[PDB]
Undergrad: 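Let me give you the structure first, and then I'll get to my questions.
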Amino acid sequence: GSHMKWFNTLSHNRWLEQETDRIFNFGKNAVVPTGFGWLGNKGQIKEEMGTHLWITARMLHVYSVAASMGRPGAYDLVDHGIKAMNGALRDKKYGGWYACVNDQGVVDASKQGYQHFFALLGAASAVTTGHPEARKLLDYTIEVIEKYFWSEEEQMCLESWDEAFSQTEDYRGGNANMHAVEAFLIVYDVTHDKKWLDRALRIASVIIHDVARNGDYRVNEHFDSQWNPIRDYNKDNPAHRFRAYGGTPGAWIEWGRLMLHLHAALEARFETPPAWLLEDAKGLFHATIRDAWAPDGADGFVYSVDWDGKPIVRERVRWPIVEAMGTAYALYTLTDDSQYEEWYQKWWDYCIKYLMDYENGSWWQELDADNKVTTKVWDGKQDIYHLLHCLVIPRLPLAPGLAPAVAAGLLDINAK
Amino acid sequence: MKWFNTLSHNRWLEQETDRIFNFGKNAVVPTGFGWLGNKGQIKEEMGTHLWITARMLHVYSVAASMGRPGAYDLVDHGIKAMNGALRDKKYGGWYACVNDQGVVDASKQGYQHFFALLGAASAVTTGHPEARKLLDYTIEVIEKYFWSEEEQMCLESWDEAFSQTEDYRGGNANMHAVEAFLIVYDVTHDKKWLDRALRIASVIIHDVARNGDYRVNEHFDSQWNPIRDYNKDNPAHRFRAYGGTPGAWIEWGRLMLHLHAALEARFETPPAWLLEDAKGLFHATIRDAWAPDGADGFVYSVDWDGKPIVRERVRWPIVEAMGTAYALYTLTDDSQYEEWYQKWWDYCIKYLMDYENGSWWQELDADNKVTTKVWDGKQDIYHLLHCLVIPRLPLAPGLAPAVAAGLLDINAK
Amino acid sequence: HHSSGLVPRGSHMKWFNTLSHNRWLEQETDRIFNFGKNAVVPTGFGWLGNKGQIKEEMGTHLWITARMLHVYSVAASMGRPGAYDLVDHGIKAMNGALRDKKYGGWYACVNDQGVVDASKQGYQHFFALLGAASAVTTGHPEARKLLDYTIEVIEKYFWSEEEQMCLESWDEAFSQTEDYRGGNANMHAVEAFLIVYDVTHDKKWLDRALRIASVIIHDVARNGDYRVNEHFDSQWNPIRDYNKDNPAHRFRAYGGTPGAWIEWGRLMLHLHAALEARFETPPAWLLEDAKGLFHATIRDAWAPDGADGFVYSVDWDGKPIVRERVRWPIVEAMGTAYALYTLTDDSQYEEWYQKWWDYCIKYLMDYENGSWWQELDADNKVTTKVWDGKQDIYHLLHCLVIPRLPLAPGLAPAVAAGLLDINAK
Amino acid sequence: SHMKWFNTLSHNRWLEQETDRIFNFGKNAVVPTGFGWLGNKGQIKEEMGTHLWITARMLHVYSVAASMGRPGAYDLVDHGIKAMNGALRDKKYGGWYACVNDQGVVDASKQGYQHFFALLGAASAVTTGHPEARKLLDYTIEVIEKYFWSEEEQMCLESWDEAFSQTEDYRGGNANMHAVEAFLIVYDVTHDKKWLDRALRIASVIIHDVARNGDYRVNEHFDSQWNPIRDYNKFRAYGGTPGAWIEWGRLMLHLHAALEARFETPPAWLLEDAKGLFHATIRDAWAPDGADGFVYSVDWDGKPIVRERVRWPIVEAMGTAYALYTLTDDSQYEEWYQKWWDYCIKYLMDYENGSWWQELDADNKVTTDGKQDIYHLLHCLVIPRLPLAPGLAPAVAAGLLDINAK
Ligand SMILES: O=S(=O)(O)C[C@H]1O[C@](O)(CO)[C@@H](O)[C@@H]1O
Ligand SMILES: O=S(=O)(O)C[C@H]1O[C@](O)(CO)[C@@H](O)[C@@H]1O
Ligand SMILES: O=S(=O)(O)C[C@H]1O[C@](O)(CO)[C@@H](O)[C@@H]1O
Ligand SMILES: O=S(=O)(O)C[C@H]1O[C@](O)(CO)[C@@H](O)[C@@H]1O
């Protein structure tokens, strides 16, 4: 009919900032002596879940952004995060970080690559605040990543180890490798050591440009030690929180945004990006809508699909649509194609209608196939890190990345 | 009195910038850029110099990003010249000087090769389709012959065939290496270019200059020991003056503040000596070389006691001083730096700016009357961007990248 | 839609919507305004030569007088002292010696002694309409009365309700109309109607503009590979061979005039933008055909003969006939590049704009004698063949002012509404 | 429609570029004793010597140029301050000789109107922060308070002999008007309210009492008891100088704006009388004789006497149009400003020989002593780019150029 304009309007960006403050305030209750706890549906700590590395590292990242946004108390949460990464979570005998601890000791002693890449992101985002211990934490995290999680032999990321780093898992994961790309982008932004961007491009070339593109942009996540897909992985456990059977369309559209951050990093240094970053980001965006948007007679993104693109887990988890909104912004920024803003607007309307929770705080984690609140895949409201991708990313250029851009004063730079 | 970051001052700067861009256009010759005389006509006897051709490529890259019609054509002409008669097809790199008949000076001058690197890196910011290929080639030549991994410093020069390197190491060539490396960093975001820049500055400024009351030693032997008496018999050399060249001291200061700004832009604490030594160089330049002989202006050279030797006021030292005043003001907010900038602007319009014949005079005598002694014509406009465009831009990224990124007047109201 | 003639680029050099480029444009605009001021004569605006002197032998043309009224309306809204006096002079000339007191409308040409050419030229009357509508944006107290009069003349003699198209010309007495229908007159009708719409919001002006474009572009031009047919008989059938014996005509060249093709493109994008400004989805053929015209203009007329520049005319196979580089075609091309960039965000249109700007300063701009050359030979050296002097500055606002403004409302309205550099940083 | 110029960046860019043309013309006036008298080709007329009023005005002009970021301007401020501390300065009796040259004193008289320009020049120079400016202002204030501001009359005196032994048996609107102009800027660089109190008092006597009661025809010539001399001279034209009427209007609006800037309700008569003066100036002096332009003087019936179009009256009219527009938002004031700009480029501006003509005949053709002033031109070139408070030099120094423009 005509173009309703939200992107780069101060009116929309004011609404985003005020929702951002609501989300920052919800996450503050997660402070526990050993790091950040697991928030439930009323913003209370679920003490039985203990202190997870992935949640502690994500909150360190989140409050780095909040601190650069000039929020009192955020810097204290960054300081608390860095103390936790130097304290109870840190394995003093073998190095790196336990997956989960509590006041009594270690709950899960395993060394999870997924969670270590979030440690790297958290440390790199914390660097943007100039916290005096942030750069030392990043340098240590880099040594752990290069010793145990980045393989020079495979030129890809490993998945996990036992406590003692004696045996690595006979498995390679798209999820851990995707969050490696995310962390590497920010490590690049705070080092300009080229190898971080080279590693990110290489990971995307293998998982997206080779495997995903050849399967109609259905991202394969599960691989053996020779980087062959395991198509049947977790067939008996399809609703796994991190390793769902088949395809996780939320992850496809997230890969898209990350490859546009890579594209934008190359353009920021006056370098023509390879054409496949934008072509594949478009392919992933359109595949996500083709297979996973309202495929079953109601609005929303399903959690998982088979290799034919037919839904398996039909629950609407929060993070897939949040990532979709981030990618819509990134594609709009690089194409000026108004279809991407229309999707962003449609998804915002769905989010306030079904996911946003003004009564109990933050957003619901999970809805059923009719978009009614449920508990099946998940349990509580333990994450706010994804929400910055629909609340803060649309206020920033695509280079440098989220925490660096906010710290460089770039919030609303393109808005009038 | 407020000039820095005012649109009124920056409008005056842009209008003078257009006058300078217009003057340089007449330097176009088939083999690159010629040597302009005092009326902006080509001095054909000087032929086509690599340093002038590379500098004009840089200048018209900035002009093109400023939206000036014709500038991009000059960028195109510059890149063709760097792929044409100046390029040594047998041994690689570039001849120092050519003309329409062939090679005039076949030597491989590091000073001039670092300007080739700056020119190629600035040209990349225009997106000219051959710029990146020229930069990649220039990088290979620099890393093969001019950056020494053994010394972690820049060599000076070679014969045509790259068979023997000069038994000499130079502050001047190493300073213009730092200048080029900053822009290579801005168009690669490969930290090794900034690591090299920091290392060069640590040796020439933080070690030697600081220990001599910030009187920069420029002349070294192959083991990086100072030759204090170098060119005693030829004190007014255009590139290697006897003793200290205070214009170079204050220029080193600005370059170290660009390095500082690059490190802060990626959330890295710059070493404290970049700002401390930039201040030391700025104050030493004023102490020894500003009105040291009973009249305003910066002398060309001083002895190791800081007393003038060549008392002629060459154009580029005061232009560089004005750039450094801006950079120090930007990092300190100390209004003494703006006072110096304003005082130097008043001197420049009174004695150096030439509205009748175009551009600025290259050289004045000890009473600030136009002269010919050290120099001959108006062959440079590259230095003028440091007092005309730099004060309109942040210190990171560098000049050509910042203009191309839309940052002109970003801090002004 | 991709044309030959650009080397692909490694990064985006940004000029459009930069205050640095727009400052360069404004300073060139002031140089052009200053050149036109010497054209003031008692009966209107004279014909300026290569040194900015009046060529008195050419007398006072309606088309030049009406164009200068339009130009100084823009200058007046830009806050230039003296411009409003030239608008006042223009309106007095349109109410004085040029005006036919017996039959109405305006003589084509007068001088201090009387009428030189008494004919009633539609081409020139549509410039009278544009001039009056642009003058309205200044609020000159006689402008609205001049527009109302001009509208009456246009609706009586030049817009045909029967054909739903514009007629070409009449004798002095409006007794017989020319056995000819012209793309050129109809194109400048569209241009004028856009501005009449902007100062009336009487829908019929935009309806008439859309209708004219639907016939000359969407029907005839599109079916001939976007080679605009300009010459028609009274039944609107093409006369393909028109002026075969007089191929270098200043207004009615034999075959196709690619400058006019790319100009049609920009006008259709002003029409598109007028519809979007009132929250109405424009028909898709306005943008599709503007792209077709832009790419056809480059295909047939850009550097077809071993040197840069736009040739004046091509035959129906796209073979150049008049190879001289006249000023206005590349100026219009630059305007259309801006309009297409604004609606597509396709950087190929900015690259063409930048390439054409580089050509203009190299070969057309005349800093020594003033303004720009009117005409170059096939090697881009100054010549005299099609034209004679520097009688026009109206086209130059399309590459100097249009790139500083939104596409709606039109040129004079947008400047008067404070929109200069609204999108620039 | 309204054609919009005021507060548009497009118009203000045209104004700044003309301002630079005017700054460049004045630079040739530098002589060792101060600022010389420029002729019609921008050459020094050496026979005219160094006038106090011209030297003080150029000090003011290059203070504005220096705050505008023009290289060379600050050197001219420094030169101006040195001239006010050198040969112009009476070392024996204090204040400044009216005219000197390289050899010595040409006119030793102590002219009030020229001393108030010395005060304006010193106050404008203070806004540059030149280290000798404040000392020059403090000295100038002492001379003004000793000899030119009368605590007894609460008005300004006109002139004295060299030795300050006898004051002239005359009181003038012109000296008192330029006192108001200087006092406004002294207020802006001291925030001592007494300068604004004195300005309001001067205006209350010359405008609110006498001018208002005579249909806003300002009486300029008074005896020592401040009674009008209507017949005087059957700088001191017989009858009314309408240029001065409209100038008084702008100055009272600067006074109004200074009071509003410190949250003080200005008396209603400042705006009412500025409007009265503006409309009286149009009524009697705009195109009163069959051709465009402002005549120089009129009789007490408002009929022209001296029909020459001098440059400064229309320049001041343009300043007042801006000030009235700023306080009323009445577009009639912008229409007058636009009409006067069109007249100025057509008849006064001289692109061939530089600057503007000083004087035209009754048919607006140039007529027959040079182009010795550029100070008035800032009132139509810079004032329309600034708020009405603080005043011209302070506002530019505070970064307020184009603050209201888009
Ligand atoms: O954010 S949570 O929803 O609590 C955890 C999810 O983050 C992802 O890696 C998405 O990229 C999922 O695999 C996790 O379940
Ligand atoms: O620019 S010129 O004056 O032509 C040359 C000077 O540039 C410098 O390297 C300064 O950075 C001098 O040594 C050259 O003479
Ligand atoms: O502007 S001029 O070159 O003098 C006249 C041209 O304008 C056109 O109508 C193009 O739109 C041509 O037909 C005229 O020759
Ligand atoms: O500026 S000049 O025209 O040279 C001098 C005039 O200034 C006034 O004081 C106007 O306010 C007049 O009395 C002078 O003649």
Side-chain angles (χ1 to χ4, degrees), chain A residues 38 52 54-55 58 114 117-118 173-176 178-179 182 221 240-244 248 250-251 253-255 258 303 317-320 322-323 365-366 377-387 389, chain B residues 35 49 51-52 55 111 114-115 170-173 175-176 179 218 237-241 245 247-248 251-252 255 300 314-317 319-320 362-363 374-384 386, chain D residues 37 51 53-54 57 113 116-117 172-175 177-178 181 237 241 243-244 247-248 296 310-313 315-316 358-359 370-377 379:
Chain A
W38 183 304
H52 289 256
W54 65 277
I55 290 174
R58 284 182 182 194
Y114 174 93
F117 289 121
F118 276 113
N175 207 353
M178 187 193 72
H179 289 298
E182 172 188 42
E221 240 131 70
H240 197 281
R241 293 175 168 176
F242 299 100
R243 298 186 192 184
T248 310
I253 205 155
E254 191 168 357
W255 269 105
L258 292 173
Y303 186 61
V317 182
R318 190 214 292 166
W319 66 267
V322 166
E323 292 306 327
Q365 171 66 0
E366 199 190 357
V377 180
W378 275 107
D379 187 20
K381 299 175 170 172
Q382 69 285 335
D383 186 66
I384 60 169
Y385 133 95
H386 282 284
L387 292 174
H389 302 160
Chain B
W35 183 303
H49 290 254
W51 65 276
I52 290 173
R55 283 184 182 192
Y111 174 91
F114 289 120
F115 276 109
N172 204 357
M175 188 194 72
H176 289 297
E179 172 191 40
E218 236 127 276
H237 198 279
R238 292 175 169 176
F239 297 100
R240 301 184 189 182
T245 307
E251 191 169 355
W252 270 104
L255 292 175
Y300 187 59
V314 182
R315 188 214 292 166
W316 68 264
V319 167
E320 291 307 327
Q362 172 65 1
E363 200 191 357
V374 181
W375 277 106
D376 185 20
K378 299 174 172 171
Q379 71 284 333
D380 186 65
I381 59 169
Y382 133 95
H383 282 283
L384 291 174
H386 303 160
Chain D
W37 183 303
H51 291 254
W53 64 276
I54 292 172
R57 284 182 182 194
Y113 96 89
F116 289 120
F117 276 110
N174 186 37
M177 188 194 77
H178 289 299
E181 174 191 38
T241 304
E247 191 167 356
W248 271 104
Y296 187 63
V310 181
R311 190 214 290 166
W312 69 264
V315 166
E316 290 308 326
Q358 172 65 2
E359 200 163 296
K371 300 173 170 171
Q372 70 283 334
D373 185 65
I374 60 170
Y375 134 95
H376 282 285
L377 292 175
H379 301 160

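Counting convention: from 1, in listed order, for ligands and their atoms alike. Letters A, B, ... are given to chains in the order of the sequence lines, protein chains preceding strands, and every chain is numbered from 1. Quick note: numbers below take in every heavy atom, side chains included, and nothing from hydrogens, waters or symmetry partners.
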Undergrad: Any heavy-atom pair between the side chains of A/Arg243 and A/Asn175 that's under 4.5 Å?
TA: no
Undergrad: Report the C-alpha distance between A/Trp319 and A/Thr248 in whole Å, list the side-chain angles of each, state the deciding distance to 0.1 Å, and finish with yes or no for side chain to side chain contact (heavy atoms under 4.5 Å, CB included).
TA: CA-CA 11 Å; A/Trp319 66 267; A/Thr248 310; 3.8 Å; yes
Undergrad: Which one of D/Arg57, D/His51, D/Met177, D/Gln372 has a non-hydrogen atom at the shortest distance from atom 5 (C) of ligand 4?
TA: D/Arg57
Undergrad: Which protein heavy atom lies closest to atom 3 (O) of ligand 1, and at what distance to 0.1 Å?
TA: A/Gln365 NE2, 3.1 Å
Undergrad: May I ask you to list the atoms of ligand 2 that are less than 4.0 angstrom from any heavy atom of B/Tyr111?
TA: 6 (C), 7 (O), 8 (C), 9 (O), 12 (C), 14 (C)
Undergrad: With heavy atoms only and a cut-off of under 4.0 Å, state how B/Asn172 meets ligand 2: side chain, backbone, both or neither.
TA: side chain
Undergrad: If you compare all heavy atoms of A/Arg241 against all heavy atoms of A/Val377, which two are closest, and at what distance to 0.1 Å?
TA: NE-O, 2.8 Å
Undergrad: Using heavy atoms and a 4.0 Å limit, tell me yes or no: is D/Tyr375 in contact with ligand 4?
TA: no
Undergrad: Residue-level breakdown please: for B/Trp51 versus ligand 2, do any non-hydrogen atoms fall below 4.0 Å on the side chain, on the backbone, on both, or on neither?
TA: side chain
Undergrad: For A/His386, take its heavy atoms, then give the atoms of ligand 1 lying under 4.0 Å from any of them.
TA: 1 (O), 6 (C), 7 (O), 8 (C), 10 (C), 11 (O)
Undergrad: List the atom of B/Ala248, the atom of B/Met175, and the distance in Å for their closest heavy-atom pair.
TA: O-SD, 3.9 Å
Undergrad: Are A/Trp378 and A/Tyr303 close enough, and set up right, to give a ring-ring contact (aromatic ring centres under 6.0 Å, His included), and what steps lead you there?
TA: CA-CA 12 Å; A/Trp378 275 107; A/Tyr303 186 61; 8.4 Å; no
Undergrad: Test A/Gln365 against A/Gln382 for side chain to side chain contact (heavy atoms under 4.5 Å, CB included), laying out the working first.
TA: CA-CA 8 Å; A/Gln365 171 66 0; A/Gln382 69 285 335; 3.7 Å; yes
Undergrad: Side chain, backbone, both or neither: which part of D/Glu316 comes within less than 4.0 Å of ligand 4 when only heavy atoms are counted?
TA: neither
Undergrad: Any sub-3.5 Å donor-acceptor pair from B/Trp35's side-chain atoms to B/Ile52's backbone N or O?
TA: no
Undergrad: If I compare all heavy atoms of A/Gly250 with all of A/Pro320, which pair ends up nearest, and what's the gap?
TA: CA-CB, 3.6 Å
Undergrad: Short list, please: which atoms of ligand 2 are under 4.0 Å from a heavy atom of B/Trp316?
TA: 3 (O), 6 (C), 10 (C), 12 (C)
Undergrad: Which label fits B/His176 and B/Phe115: parallel for a plane angle under 30°, tilted from 30 to 60°, or perpendicular past 60°?
TA: tilted
Undergrad: Need the ligand 2 atom indices (1-based, order shown) with element for anything under 4.0 Å from a heavy-atom of B/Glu251.
TA: 10 (C), 11 (O)
Undergrad: Report yes if some N/O of A/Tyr303 lies less than 3.5 Å from some N/O of ligand 1; otherwise report no.
TA: no
Undergrad: Contact between A/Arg318 and ligand 1, counting heavy atoms under 4.0 Å?
TA: no
Undergrad: At the 4.0 Å heavy-atom cut-off, does B/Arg240 count as touching ligand 2?
TA: no
Undergrad: Can you name the one residue among A/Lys381, A/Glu323, A/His386, A/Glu366 that meets side chain to side chain contact (heavy atoms under 4.5 Å, CB included) with A/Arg318?
TA: A/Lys381
Undergrad: Within the structure, does A/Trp378 bring an N/O atom to less than 3.5 angstrom of an N/O atom in ligand 1?
TA: no
Undergrad: What's the shortest distance from atom 15 (O) of ligand 1 to any protein heavy atom, and which residue and atom give it?
TA: A/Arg241 O, 2.4 Å
